[PDB]
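First up is the structure itself, then whatever we jot down about it.
Since every read-out is calculated from the coordinates, none of them should be taken as a lab result. Backbone-built Cβ (ideal geometry, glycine too); neighbour counts: all protein chains shown.
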Amino acid sequence: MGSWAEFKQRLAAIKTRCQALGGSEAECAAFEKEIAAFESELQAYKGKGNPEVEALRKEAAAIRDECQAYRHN
């Protein structure tokens, strides 16, 4: 199972708060950064295109786009 559970939880909270946009110029930033390191950390594991990093990569990218579309569009 590895540490997918942790990444799943944190990722879920980031996506939820990002999709809902509680209303904080900082929150959005924290998500973009956190997500960036998440995908970069998962892709550094080993499998550049592993099946596990696939999901995290997709969700992460989505979150980043949303944040940019909220305070950069």
* Which length gain, in nm to one decimal place, applies between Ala30 and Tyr45 when the Cα-Cα distance is subtracted from 0.36 nm times their residue separation? -> 3.2 nm
* Structure fact -> Of the residues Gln9, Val53, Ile63, the Cα lying farthest along the dipole of the chain towards its positive end, which is defined by charges on the beta carbon of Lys, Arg, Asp and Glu, belongs to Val53
* Asked: Kirkwood Rh, Cα Rg: Rg to Rh for the chain?
  -> 0.99
* Using a cut-off of 19 Å between alpha-carbon atoms, which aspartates and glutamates can reach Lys8, once sequence neighbours fewer than 8 places away in the same chain are excluded? -> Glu27, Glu32, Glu34, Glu39, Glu41, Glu52, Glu54, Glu59, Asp65, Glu66
* Asked: Separation between the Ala20 and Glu52 pseudo-spin-labels, each 7 Å from Cα along Cα→Cβ, expressed in nm?
  -> 2.9
* **the chain - charge dipole about Cα centre, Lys and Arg +1 at Cβ, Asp and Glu -1, debye rounded to 20** => 120
